[PDB]
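Data block below; observations after.
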DNA sequence: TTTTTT
Ligand SMILES: Nc1ncnc2c1ncn2[C@@H]1O[C@H](COP(=O)(O)OP(=O)(O)OP(=O)(O)O)[C@@H](O)[C@H]1O
Ligand SMILES: Nc1ncnc2c1ncn2[C@@H]1O[C@H](COP(=O)(O)OP(=O)(O)O)[C@@H](O)[C@H]1O
Ligand SMILES: [Mg+2]
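Protein chains in written order, with the entry's author numbering: chain C, 323 to 785; chain D, 323 to 785.
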């Protein structure tokens, strides 16, 4: 047969070009998988791999028309599709893949077996990926300044390290984290360090993903989150001001699912794979429209309690309760960070933290006791018990306290209930929470019959 | 071998075509990097560089089809991308790049190593970039008329020199500048001089960005801010009249970050690079919806106090208190400025000021003292200290001062608090400000117990 | 209004 078909067959035999389910062709060039929806990178591969072919086939690949013919043959012979990005414990670079389990770096065919379509965007360097380096001690000093290693801050520092370490994993995560602190506290420095550590796997979007409907019309903000591993949203408005849009809880529930529904402009694709940890940098406590048990299990908070002040205003910052330590700031730090001085030391520290927590299994846990707005419900869980058959026999005491056995179940009137809950809740500050909770569980037998099926745990105890 | 392939390889070896992360190709023609989507700049480059090749190669480049073949080979050879605009201390021109560190001018290949996409839009002239010039004395007279060299105007003068100089640097800035002055004081003269000095690096933008959300829908104003170095906001509406929109503080926070989130029309792009200094010219005191420590750290102000009046109204202007000096009004000055008469003389002054200030490090500092609104918040922080363990052991004396014990913490009743803070603030003007401060830190002990968690320094320090 | 569409 003709030599062009033989060249196409030999190229296909190396498995350097593949077709995905989304309809795009990926090519293995320069030790990386690359694709482009508007430029057919196939011809680049044809020109690049001309050296591996024998001598009599190299000369005919210098003409663009024969390259077009070979690309047409390859497109004809390529029929079926394959799946991509199935290994959550591999970190891809521009010249290889790093294994997070043991720490070796793989290049060439060894890295080809893990079909990763995303990368940091820069080459990995072994010389700078060391522990004993002049930059490392300085980075450790900076980090110990931001998060001191004290017995009081141990628990917060653990969440800090775990949340930062989770950015290397390519799996769905069921919790999003808030970075809370005052001004000049080090939150943006941490953001820029993470950006300079992970490169193109990092992205930041607007706040419209938390207050607006996601699936109405085109929405590039949701679409750009596909296959990313870290998403930052920062500088939320103060909700105390009038006209502020409160955070939608259903958006929070949707953002923790493995697939997110959204559509970019001029597109028909509506599914996006969610691999990104979500970090919200803020200065004020969040406010939600509706609070329920489903929302409280997807929220975590990390505190920042160190101030970096000019010498002129130091004496003022020492009189504030929002700070636990005041230190002079360095003016040249931001320029050093912008030049990627601490890229590989921070990456090495992130991998070292990855071994500590996520090797058995990757999991994030909520911290519902850090939000004041969640206080009302939490202690409600420790004060009331739903009515049951076991409470019927002891009615002798409950009728003494004012309970009524109505339809063979122990019951308490709303009017009888409200003062009883008023003795343990400050009616002035929790005025709205009490009327909120009473109305979603009222039970009315008749126009004049009112009752609620709950029993206090203190009354159930034997006196 | 293929002759056209050899021509393409030799062309590529000169590093005249580059591929960016944006998917665009940039070429080096006429001592400048140019790029655009629908133009065949590559073929222009092949035709232009024809003379650098041996004579057996120059003849073939006269046929358009062979040029298309060479372009195809070149496009197939370019696989990797490169960074652009990484030097903040360079001033790109149409025919070269000027280094601000030493002052001498590069051209040719020397200017190629700085991949600067933007340019001033005009041609540099060596002869006109001279100090001893008869235009220089006129420019110096105008500048000294706007900002006199008096002792009481020393510090302000320095600020006036710094901000303009910051227009040369290509880095990010974290402060906002207000050009506050009454009518006919020289603000637009400085704006026009700066525009004539820098060319297309200048941009003028309306007040929509200050008062409206930037992440909702498309926003063309953010799109063209990319890689600009000077942004002016002119004709700020008066806020005393009803219906005026208050300035958003979150917009101020978002305008000082290295990356600004915004989307141009008909596009999916969401990221931009912020390299511009923003100057707002107004005739009235600005007002902000919310005032916090974060906002008063990103604001600077410089004053204009010299008035230009026609001789008819001099009697009206010489007695006004808002002015300091009155001068003759020159009608022909407007004629000279838009003729680009002082294009290079002002540039020399800008470079001199850049050597005076920004050689060690580029930094802009805020001036929160000169704002009528911020003084209320500034003063309170210097008379109140939050209670802690240190102020506990003085338990006895503070009881005689009206302070009340609660939860083993010193507290001050609100009723005891209003008279004492009214000793420094009269309620007729700062009543709303006082109440706005109160609501933030208001804490409740009982249904009728009103108190604050602060202690006065004057009430604890011995007289 | 703007993606839409050309
Ligand atoms: N370890 C450190 N030592 C000295 N200075 C530091 C250190 N870490 C950070 N800084 C500096 O302190 C300042 C803190 O600014 P940064 O933007 O990080 O704070 P922030 O709390 O995130 O601010 P904001 O929320 O208001 O944007 C910066 O100038 C930063 O360079
Ligand atoms: N040094 C000067 N000597 C004389 N006239 C001046 C001088 N500087 C500015 N002017 C006059 O001021 C006018 C422009 O003022 P402008 O910058 O618009 O003030 P404002 O910005 O306060 O409105 C010009 O018509 C010019 O004639
Ligand atoms: Mg910050």
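Cβ atoms here follow ideal geometry from the backbone N, Cα and C, with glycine treated the same way.
In chain D, what lies closer than 8 angstroms to residue i by C-beta?
i	result
residue 638/C	703, 704
residue 605/C	614, 616
What residues from chain D crowd round residue i, counting only those whose CB sits closer than 7 angstroms?
i	result
residue 784/C	The premise fails here: residue 784/C is roughly 32 angstroms from chain D at the closest Cβ pair, so nothing lies under 7 angstroms.
residue 788/C	There is no way to answer for residue 788/C, as the model of chain C reaches only from 323 to 785.
residue 560/C	612
Residues of chain C with CB closer than 7 angstroms to the CB of residue i, please, in chain order.
i	result
residue 398/D	365, 366, 369
residue 707/D	641
residue 678/D	Under the 7 angstroms cutoff, chain C gives no residues; its nearest Cβ is about 18 angstroms from residue 678/D.
residue 324/D	384, 385
residue 685/D	653
Residue i versus chain D: which residues are under 9 angstroms apart at the beta carbon?
i	result
residue 453/C	What residue 453/C touches in chain D: nothing, since even the nearest Cβ is about 29 angstroms away.
residue 662/C	Simply none; closest approach about 11 angstroms.
How about residue i: is its Cβ closer than 7 angstroms to a heavy atom in ligand 1?
i	result
residue 477/D	no
residue 659/D	no
residue 667/C	no
residue 651/D	no
residue 605/C	yes
residue 533/C	no
residue 630/C	yes
Would you say residue i touches ligand 2, meaning its beta carbon is less than 7 angstroms from a heavy atom?
i	result
residue 505/D	yes
residue 502/D	no
residue 508/D	yes
residue 579/D	no
residue 460/D	no
residue 656/D	yes
Let me make sure I understand the geometry here. Which of the options has the alpha-carbon closest to that of residue i?
i	options	result
residue 711/D	777/D, 747/D, 646/D, 744/D	777/D
residue 659/D	508/D, 351/D, 420/D	508/D
residue 388/D	330/D, 454/D, 484/D, 462/D	330/D
residue 515/C	360/C, 747/C, 462/C, 561/C	462/C
residue 654/C	680/D, 498/D, 785/D, 398/D	680/D
residue 419/C	404/C, 538/C, 402/C, 440/C	440/C
residue 731/C	688/C, 784/C, 775/C, 703/C	775/C
residue 346/D	372/D, 382/D, 393/D, 403/D	403/D
residue 532/D	445/D, 747/D, 609/D, 719/D	609/D
residue 447/D	767/D, 670/D, 758/D	670/D
On the DSSP letters alone, give me the boundaries of the beta strand (DSSP E) that residue i sits inside.
i	result
residue 625/C	621-625
residue 593/C	593-595
residue 687/C	From DSSP, residue 687/C is part of no beta strand (DSSP E); its letter is neither H nor E.
Which residues in chain C have a C-beta closer than 8 angstroms to the C-beta of residue i? List them in chain order.
i	result
residue 611/D	563
residue 401/D	351, 352, 366, 370
residue 394/D	386
residue 327/D	384
residue 391/D	386
Could you work out which residues of chain C lie near residue i, taking near to mean beta carbons separated by less than 9 angstroms?
i	result
residue 769/D	748, 749, 750
residue 599/D	Going along chain C, no residue has its Cβ under 9 angstroms from residue 599/D, so there is no contact; the nearest lies around 17 angstroms.
residue 668/D	Ordered by position in chain C, no residue passes the 9 angstroms Cβ test against residue 668/D, which lies about 28 angstroms from the chain.
residue 766/D	748, 750, 751
residue 280/D	Because chain D spans 323 through 785 in this model, residue 280/D falls outside it and cannot be assessed.
Just curious, the alpha helix (DSSP H) that residue i is in, first and last residue?
i	result
residue 542/D	542-545
residue 698/C	697-702
residue 386/C	386-399
residue 326/C	325-335
residue 760/D	749-762
residue 457/D	456-468
Open item on the list: Using a Cβ-Cβ cutoff of 9 angstroms, what residues of the stretch 562-582 of chain D are near chain C? List them in chain order.
Closed with: 570, 571, 572, 575, 576, 579, 580, 581
Open item on the list: So if I threshold CB-CB distances at 9 angstroms, which residues from the stretch 582-597 of chain D count as touching chain C?
Closed with: 583, 584, 585, 588, 589, 590, 591, 592, 593
Task: the stretch 520-548 of chain D: positions lying closer than 7 angstroms to chain C by Cβ - done: 537, 538
Open item on the list: Please identify, using Cβ separations under 7 angstroms, the residues of the stretch 723-749 of chain D that lie next to chain C, in order along the chain.
Closed with: none
- [ ] Could you please tell me which residues of the stretch 609-635 of chain D, in chain order, have their CB closer than 8 angstroms to any CB of chain C?
- [x] Against chain C - using a Cβ distance shorter than 8 angstroms - the residues of the stretch 609-635 of chain D are 611, 612, 614, 615, 616, 619.
Task: Residues of the stretch 489-515 of chain C whose Cβ lies closer than 9 angstroms to any Cβ of chain D, in chain order - done: 504, 505, 506, 510, 514
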